[PDB]
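Chemist: Okay, so here is entry.pdb, and as you'll see once you scroll down, it has PDB, C-alpha atoms.
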```pdb
ATOM      1  CA  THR A  40       4.811 -11.157 -22.698  1.00  0.00           C
ATOM      2  CA  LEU A  41       2.123 -10.703 -19.965  1.00  0.00           C
ATOM      3  CA  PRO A  42      -1.477 -10.365 -21.284  1.00  0.00           C
ATOM      4  CA  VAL A  43      -2.995  -6.782 -21.162  1.00  0.00           C
ATOM      5  CA  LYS A  44      -6.654  -6.676 -19.893  1.00  0.00           C
ATOM      6  CA  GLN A  45      -9.028  -3.752 -20.833  1.00  0.00           C
ATOM      7  CA  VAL A  46     -11.353  -2.968 -17.847  1.00  0.00           C
ATOM      8  CA  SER A  47     -14.431  -0.672 -17.792  1.00  0.00           C
ATOM      9  CA  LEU A  48     -16.122  -0.515 -14.333  1.00  0.00           C
ATOM     10  CA  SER A  49     -19.732  -1.851 -14.204  1.00  0.00           C
ATOM     11  CA  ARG A  50     -21.232   1.514 -12.980  1.00  0.00           C
ATOM     12  CA  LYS A  51     -20.693   5.180 -11.920  1.00  0.00           C
ATOM     13  CA  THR A  52     -20.337   5.683  -8.112  1.00  0.00           C
ATOM     14  CA  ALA A  53     -22.268   8.031  -5.802  1.00  0.00           C
ATOM     15  CA  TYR A  54     -20.213  10.637  -3.864  1.00  0.00           C
ATOM     16  CA  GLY A  55     -19.163   9.607  -0.316  1.00  0.00           C
ATOM     17  CA  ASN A  56     -17.668   6.138   0.363  1.00  0.00           C
ATOM     18  CA  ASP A  57     -19.278   4.316  -2.637  1.00  0.00           C
ATOM     19  CA  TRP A  58     -16.205   2.328  -3.732  1.00  0.00           C
ATOM     20  CA  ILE A  59     -16.040  -0.268  -6.566  1.00  0.00           C
ATOM     21  CA  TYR A  60     -13.549  -2.973  -5.381  1.00  0.00           C
ATOM     22  CA  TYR A  61     -11.433  -4.758  -8.053  1.00  0.00           C
ATOM     23  CA  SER A  62      -9.067  -7.812  -7.986  1.00  0.00           C
ATOM     24  CA  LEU A  63      -6.153  -7.207 -10.428  1.00  0.00           C
ATOM     25  CA  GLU A  64      -5.024 -10.811  -9.601  1.00  0.00           C
ATOM     26  CA  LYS A  65      -8.455 -12.272 -10.692  1.00  0.00           C
ATOM     27  CA  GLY A  66      -9.424  -9.528 -13.225  1.00  0.00           C
ATOM     28  CA  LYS A  67     -12.908  -8.830 -11.703  1.00  0.00           C
ATOM     29  CA  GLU A  68     -14.961  -6.453  -9.510  1.00  0.00           C
ATOM     30  CA  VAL A  69     -15.322  -8.125  -6.076  1.00  0.00           C
ATOM     31  CA  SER A  70     -17.999  -7.881  -3.356  1.00  0.00           C
ATOM     32  CA  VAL A  71     -16.263  -6.084  -0.421  1.00  0.00           C
ATOM     33  CA  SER A  72     -18.392  -4.424   2.322  1.00  0.00           C
ATOM     34  CA  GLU A  73     -17.310  -0.775   2.966  1.00  0.00           C
ATOM     35  CA  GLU A  74     -17.419  -1.527   6.741  1.00  0.00           C
ATOM     36  CA  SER A  75     -14.715  -4.318   6.451  1.00  0.00           C
ATOM     37  CA  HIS A  76     -12.598  -3.156   3.403  1.00  0.00           C
ATOM     38  CA  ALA A  77      -9.475  -2.387   5.550  1.00  0.00           C
ATOM     39  CA  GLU A  78      -9.363  -6.035   6.892  1.00  0.00           C
ATOM     40  CA  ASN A  79     -10.031  -7.675   3.452  1.00  0.00           C
ATOM     41  CA  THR A  80      -7.291  -8.821   0.969  1.00  0.00           C
ATOM     42  CA  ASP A  81      -9.792  -9.921  -1.792  1.00  0.00           C
ATOM     43  CA  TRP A  82      -9.241  -6.445  -3.452  1.00  0.00           C
ATOM     44  CA  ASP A  83      -6.138  -4.741  -4.991  1.00  0.00           C
ATOM     45  CA  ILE A  84      -7.588  -1.421  -6.307  1.00  0.00           C
ATOM     46  CA  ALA A  85     -10.864   0.480  -5.620  1.00  0.00           C
ATOM     47  CA  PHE A  86     -12.639   3.418  -7.377  1.00  0.00           C
ATOM     48  CA  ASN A  87     -14.907   6.239  -6.137  1.00  0.00           C
ATOM     49  CA  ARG A  88     -15.418   8.656  -9.046  1.00  0.00           C
ATOM     50  CA  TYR A  89     -11.782   9.156 -10.256  1.00  0.00           C
ATOM     51  CA  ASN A  90     -10.356   8.569  -6.742  1.00  0.00           C
ATOM     52  CA  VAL A  91      -8.337   5.312  -6.354  1.00  0.00           C
ATOM     53  CA  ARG A  92      -7.425   3.211  -3.245  1.00  0.00           C
ATOM     54  CA  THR A  93      -4.777   0.458  -2.941  1.00  0.00           C
ATOM     55  CA  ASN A  94      -4.905  -2.347  -0.326  1.00  0.00           C
ATOM     56  CA  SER A  95      -2.296  -0.525   1.877  1.00  0.00           C
ATOM     57  CA  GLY A  96      -1.692   2.260   4.460  1.00  0.00           C
ATOM     58  CA  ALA A  97      -4.946   3.861   5.755  1.00  0.00           C
ATOM     59  CA  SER A  98      -7.078   1.907   3.149  1.00  0.00           C
ATOM     60  CA  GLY A  99      -6.148  -1.697   4.083  1.00  0.00           C
ATOM     61  CA  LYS A 100      -3.882  -4.297   5.709  1.00  0.00           C
ATOM     62  CA  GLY A 101      -2.433  -5.630   2.376  1.00  0.00           C
ATOM     63  CA  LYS A 102       1.056  -5.123   0.813  1.00  0.00           C
ATOM     64  CA  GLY A 103      -0.372  -2.721  -1.814  1.00  0.00           C
ATOM     65  CA  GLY A 104       0.886   0.627  -3.162  1.00  0.00           C
ATOM     66  CA  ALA A 105       1.611   2.575  -6.372  1.00  0.00           C
ATOM     67  CA  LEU A 106       4.553   4.135  -8.223  1.00  0.00           C
ATOM     68  CA  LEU A 107       4.375   6.679 -11.061  1.00  0.00           C
ATOM     69  CA  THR A 108       6.854   5.808 -13.900  1.00  0.00           C
ATOM     70  CA  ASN A 109       8.134   8.108 -16.721  1.00  0.00           C
ATOM     71  CA  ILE A 110       7.169   5.289 -19.216  1.00  0.00           C
ATOM     72  CA  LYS A 111       4.170   6.004 -21.538  1.00  0.00           C
ATOM     73  CA  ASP A 112       3.946   2.643 -23.444  1.00  0.00           C
ATOM     74  CA  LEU A 113       2.658  -0.297 -21.345  1.00  0.00           C
ATOM     75  CA  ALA A 114       4.683  -2.646 -23.697  1.00  0.00           C
ATOM     76  CA  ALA A 115       7.900  -0.611 -22.944  1.00  0.00           C
ATOM     77  CA  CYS A 116       7.481  -1.140 -19.142  1.00  0.00           C
ATOM     78  CA  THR A 117       9.443  -4.439 -18.668  1.00  0.00           C
ATOM     79  CA  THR A 118      10.470  -3.996 -14.960  1.00  0.00           C
ATOM     80  CA  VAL A 119       9.486  -2.073 -11.759  1.00  0.00           C
ATOM     81  CA  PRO A 120      11.660   1.119 -11.648  1.00  0.00           C
ATOM     82  CA  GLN A 121      13.659   2.141  -8.523  1.00  0.00           C
ATOM     83  CA  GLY A 122      11.555   4.230  -6.082  1.00  0.00           C
ATOM     84  CA  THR A 123       9.408   4.162  -2.899  1.00  0.00           C
ATOM     85  CA  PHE A 124       5.808   2.941  -3.477  1.00  0.00           C
ATOM     86  CA  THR A 125       3.130   5.354  -2.150  1.00  0.00           C
ATOM     87  CA  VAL A 126       0.667   3.663   0.287  1.00  0.00           C
ATOM     88  CA  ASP A 127      -2.820   5.030   1.024  1.00  0.00           C
ATOM     89  CA  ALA A 128      -3.481   7.852   3.522  1.00  0.00           C
ATOM     90  CA  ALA A 129      -6.247  10.398   4.395  1.00  0.00           C
ATOM     91  CA  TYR A 130      -7.711  11.901   1.189  1.00  0.00           C
ATOM     92  CA  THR A 131     -10.577  14.424   0.737  1.00  0.00           C
ATOM     93  CA  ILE A 132     -13.490  13.212  -1.503  1.00  0.00           C
ATOM     94  CA  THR A 133     -16.835  14.805  -2.510  1.00  0.00           C
ATOM     95  CA  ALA A 134     -19.560  13.833   0.021  1.00  0.00           C
ATOM     96  CA  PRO A 135     -23.272  13.336  -0.798  1.00  0.00           C
ATOM     97  CA  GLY A 136     -25.709  16.325  -0.862  1.00  0.00           C
ATOM     98  CA  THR A 137     -26.609  19.744  -2.377  1.00  0.00           C
ATOM     99  CA  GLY A 138     -24.378  22.843  -2.242  1.00  0.00           C
ATOM    100  CA  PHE A 139     -21.572  24.687  -4.036  1.00  0.00           C
ATOM    101  CA  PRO A 140     -18.754  24.606  -3.155  1.00  0.00           C
ATOM    102  CA  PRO A 141     -19.539  20.852  -3.004  1.00  0.00           C
ATOM    103  CA  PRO A 142     -19.673  19.153   0.423  1.00  0.00           C
ATOM    104  CA  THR A 143     -16.467  17.096   1.075  1.00  0.00           C
ATOM    105  CA  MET A 144     -15.402  14.415   3.592  1.00  0.00           C
ATOM    106  CA  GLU A 145     -12.123  12.858   4.802  1.00  0.00           C
ATOM    107  CA  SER A 146     -11.731   9.358   3.219  1.00  0.00           C
ATOM    108  CA  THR A 147      -8.598   7.267   2.325  1.00  0.00           C
ATOM    109  CA  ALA A 148      -7.021   6.855  -1.138  1.00  0.00           C
ATOM    110  CA  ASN A 149      -3.689   6.691  -2.975  1.00  0.00           C
ATOM    111  CA  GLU A 150      -1.991  10.044  -3.851  1.00  0.00           C
ATOM    112  CA  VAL A 151      -0.274   8.475  -6.965  1.00  0.00           C
ATOM    113  CA  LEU A 152      -3.373   6.738  -8.521  1.00  0.00           C
ATOM    114  CA  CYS A 153      -5.716   9.698  -7.659  1.00  0.00           C
ATOM    115  CA  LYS A 154      -3.755  11.604 -10.431  1.00  0.00           C
ATOM    116  CA  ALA A 155      -4.267   8.731 -13.002  1.00  0.00           C
ATOM    117  CA  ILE A 156      -7.225  10.891 -14.192  1.00  0.00           C
ATOM    118  CA  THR A 157      -7.253  14.720 -13.742  1.00  0.00           C
ATOM    119  CA  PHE A 158     -10.241  17.083 -14.197  1.00  0.00           C
ATOM    120  CA  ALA A 159     -10.329  20.541 -15.826  1.00  0.00           C
ATOM    121  CA  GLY A 160     -13.418  22.533 -16.887  1.00  0.00           C
ATOM    122  CA  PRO A 161     -15.509  24.019 -18.177  1.00  0.00           C
ATOM    123  CA  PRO A 162     -16.119  22.236 -20.462  1.00  0.00           C
ATOM    124  CA  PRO A 163     -15.863  19.122 -18.218  1.00  0.00           C
ATOM    125  CA  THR A 164     -12.696  17.274 -19.341  1.00  0.00           C
ATOM    126  CA  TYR A 165     -11.287  14.098 -17.659  1.00  0.00           C
ATOM    127  CA  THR A 166      -7.711  13.409 -18.861  1.00  0.00           C
ATOM    128  CA  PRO A 167      -5.949  10.082 -18.164  1.00  0.00           C
ATOM    129  CA  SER A 168      -2.197  10.288 -17.355  1.00  0.00           C
ATOM    130  CA  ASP A 169       0.118   9.485 -20.321  1.00  0.00           C
ATOM    131  CA  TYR A 170       2.199   7.396 -17.838  1.00  0.00           C
ATOM    132  CA  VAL A 171       2.361   3.747 -16.749  1.00  0.00           C
ATOM    133  CA  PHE A 172       1.772   3.218 -13.002  1.00  0.00           C
ATOM    134  CA  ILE A 173       3.125   0.216 -11.096  1.00  0.00           C
ATOM    135  CA  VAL A 174       0.392  -1.155  -8.766  1.00  0.00           C
ATOM    136  CA  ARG A 175       1.320  -3.575  -5.949  1.00  0.00           C
ATOM    137  CA  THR A 176      -1.645  -5.884  -5.046  1.00  0.00           C
ATOM    138  CA  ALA A 177      -2.883  -6.970  -1.583  1.00  0.00           C
ATOM    139  CA  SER A 178      -0.493 -10.041  -1.801  1.00  0.00           C
ATOM    140  CA  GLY A 179       2.394  -7.798  -3.077  1.00  0.00           C
ATOM    141  CA  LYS A 180       2.405  -8.874  -6.763  1.00  0.00           C
ATOM    142  CA  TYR A 181       3.449  -6.160  -9.340  1.00  0.00           C
ATOM    143  CA  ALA A 182       1.127  -4.889 -12.137  1.00  0.00           C
ATOM    144  CA  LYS A 183       1.636  -2.214 -14.839  1.00  0.00           C
ATOM    145  CA  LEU A 184      -1.525  -0.066 -15.325  1.00  0.00           C
ATOM    146  CA  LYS A 185      -2.746   2.930 -17.372  1.00  0.00           C
ATOM    147  CA  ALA A 186      -5.953   4.961 -16.934  1.00  0.00           C
ATOM    148  CA  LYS A 187      -7.866   4.996 -20.265  1.00  0.00           C
ATOM    149  CA  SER A 188     -11.039   7.151 -19.828  1.00  0.00           C
ATOM    150  CA  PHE A 189     -13.717   8.473 -17.426  1.00  0.00           C
ATOM    151  CA  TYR A 190     -16.330   8.479 -20.315  1.00  0.00           C
ATOM    152  CA  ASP A 191     -19.095   5.930 -21.165  1.00  0.00           C
ATOM    153  CA  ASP A 192     -19.881   4.992 -24.795  1.00  0.00           C
ATOM    154  CA  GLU A 193     -22.103   8.149 -25.253  1.00  0.00           C
ATOM    155  CA  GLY A 194     -19.142  10.319 -24.015  1.00  0.00           C
ATOM    156  CA  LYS A 195     -20.761  11.119 -20.609  1.00  0.00           C
ATOM    157  CA  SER A 196     -18.518  10.974 -17.490  1.00  0.00           C
ATOM    158  CA  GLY A 197     -18.714   8.486 -14.571  1.00  0.00           C
ATOM    159  CA  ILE A 198     -17.192   5.189 -15.865  1.00  0.00           C
ATOM    160  CA  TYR A 199     -13.507   4.555 -14.992  1.00  0.00           C
ATOM    161  CA  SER A 200     -11.668   2.617 -17.767  1.00  0.00           C
ATOM    162  CA  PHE A 201      -8.059   1.285 -17.430  1.00  0.00           C
ATOM    163  CA  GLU A 202      -5.757  -1.420 -18.875  1.00  0.00           C
ATOM    164  CA  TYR A 203      -3.195  -3.514 -16.933  1.00  0.00           C
ATOM    165  CA  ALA A 204      -0.802  -6.509 -17.016  1.00  0.00           C
ATOM    166  CA  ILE A 205      -0.002  -8.436 -13.775  1.00  0.00           C
ATOM    167  CA  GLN A 206       3.060 -10.656 -13.047  1.00  0.00           C
ATOM    168  CA  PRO A 207       1.569 -13.622 -11.113  1.00  0.00           C
ATOM    169  CA  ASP A 208       5.106 -14.985 -10.228  1.00  0.00           C
ATOM    170  CA  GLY A 209       5.725 -12.210  -7.617  1.00  0.00           C
ATOM    171  CA  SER A 210       8.773 -10.856  -9.532  1.00  0.00           C
ATOM    172  CA  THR A 211       9.232  -7.250 -10.818  1.00  0.00           C
ATOM    173  CA  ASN A 212       9.487  -8.769 -14.353  1.00  0.00           C
ATOM    174  CA  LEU A 213       6.643  -7.033 -16.265  1.00  0.00           C
ATOM    175  CA  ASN A 214       7.610  -8.002 -19.870  1.00  0.00           C
TER     176      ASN A 214
END
```
Let's see the structure in the file written out as structure tokens.
Modeler:
Amino acid sequence: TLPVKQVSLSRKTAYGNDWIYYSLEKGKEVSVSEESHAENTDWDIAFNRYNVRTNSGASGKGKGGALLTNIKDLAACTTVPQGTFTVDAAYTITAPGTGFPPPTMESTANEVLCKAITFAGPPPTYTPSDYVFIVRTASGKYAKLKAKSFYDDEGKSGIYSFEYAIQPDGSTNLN
């Protein structure tokens, strides 16, 4: 069976285009300039608050994308289900600065993975999806991924946690 990696991002992001770039293939945060991200295949997924990009569509030149499954157990996801992968397109994010309602800006992100964590409040509550997502990497490999938490170890919000397994052989076999 493929190994399952637990990931907690290294920091909370600012609002605006402060993205943490991650290689699912290599299992690490990667240095990727915001200026050049859309011409850079060193990243598979990227996080700004609980917004998520793939290396696809409006976000990048890769073969990336995402698919929501109706499977809840990562272990029970053994293959990529039938369905069209969603690629990245224009997405509204919180922008830097004072004011309520908060200032926003047009960015790019993935409609499927942006729902991997949902907010309700008060009190401020960040809820990971029960579901497995398929993530397609910049090279087009298939991974199975779940959101875990938006809370640090004190229970304060800002840190995106997830778990995934990646099939390095390029197949849709995710056992």
Chemist: Which one of A:133, A:90, A:196, A:206 sits closest to residue 65 (chain A) if you count only C-alpha atoms?
Modeler: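 Looking at the shortest contact to residue 65 (chain A), the residue is A:206.
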Chemist: Of the candidates A:75, A:125, A:117, A:176, which one gets nearest to residue 153 (chain A) if we count only C-alpha atoms?
Modeler: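 Among A:75, A:125, A:117, A:176, it is A:125 that comes nearest to residue 153 (chain A).
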Chemist: Near residue 100 (chain A), counting all atoms listed in the file, which residues have an atom at most 7 Å away, once you skip same-chain residues fewer than 4 positions from it, shown as JSON, numbers by chain?
Modeler: {"A": [77, 78, 94, 95]}
Chemist: Can you build me a table of region 83-157 of chain A residues sitting at most 12 Å from region 40-45 of chain A, with the closest atom pair per residue and its distance in Å to one decimal, using all atoms listed in the file, sorted by chain and residue number, as CSV?
Modeler:
```
residue,atom,partner,partner_atom,distance
A:112,CA,A:43,CA,11.9
A:113,CA,A:43,CA,8.6
A:114,CA,A:40,CA,8.6
A:115,CA,A:40,CA,11.0
A:116,CA,A:40,CA,11.0
A:117,CA,A:40,CA,9.1
A:118,CA,A:41,CA,11.8
```
Chemist: Take the point (-18.7, 7.2, -2.4) in the file's coordinates, draw a sphere of radius 10 Å around it, and report as an MDAnalysis selection string every protein, DNA or RNA residue with an atom inside or on it, counting all atoms listed in the file.
Modeler: chainID A and resid 51:59 73 86:88 90 132:135 144 146
Chemist: Which residues would end up in the selection if the PyMOL selection byres ((chain A and resi 123) around 9) were applied here, given that I need the answer as a VMD selection string?
Modeler: chain A and resid 105 to 106 121 to 122 124 to 125
Chemist: Spell out the residues picked by the PyMOL selection byres ((chain A and resi 166) around 9) here, as a ChimeraX atom specification.
Modeler: /A:155-159,164-165,167-169,186-189
Chemist: Go through the shown structure with the PyMOL selection byres ((chain A and resi 80) around 8) and write out the matching residues as number ranges by chain.
Modeler: A: 78-79, 81-83, 94, 99-101, 177-178
Chemist: To one decimal in Å, tell me the separation between CA of residue 181 (chain A) and CA of residue 211 (chain A).
Modeler: 6.1 Å
Chemist: Taking all atoms listed in the file into account, which of A:191, A:126, A:202, A:107 comes nearest residue 172 (chain A)?
Modeler: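 Among the listed residues, the smallest separation from residue 172 (chain A) belongs to A:107.
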Chemist: Would you compute the distance between CA of residue 171 (chain A) and CA of residue 205 (chain A)? Give it in Å to one decimal.
Modeler: 12.8 Å
Chemist: Distance CA of residue 67 (chain A)-CA of residue 209 (chain A), one decimal place?
Modeler: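 A separation of 19.4 Å between them.
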Chemist: Rank A:129, A:48, A:69, A:152 by their smallest atom-to-atom distance to residue 103 (chain A), using all atoms listed in the file, and report the top residue only.
Modeler: A:152
Chemist: If we count only C-alpha atoms and set the cut-off at 7 Å, which residues sit around residue 127 (chain A), ignoring sequence neighbours fewer than 4 positions away in its own chain? Please answer as a list in words.
Modeler: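 The residues satisfying every condition are residues 92, 93, 95, 96, 97, 98, 147, 148 and 149 of chain A.
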Chemist: Return the padded bounding box of region 66-83 of chain A as JSON: axis-aligned, built from all atoms listed in the file, 6 Å added on each side, with centre and edge lengths in Å to one decimal.
Modeler:
```
{"center_x": -12.3, "center_y": -5.3, "center_z": -3.2, "size_x": 24.3, "size_y": 21.1, "size_z": 32.1}
```
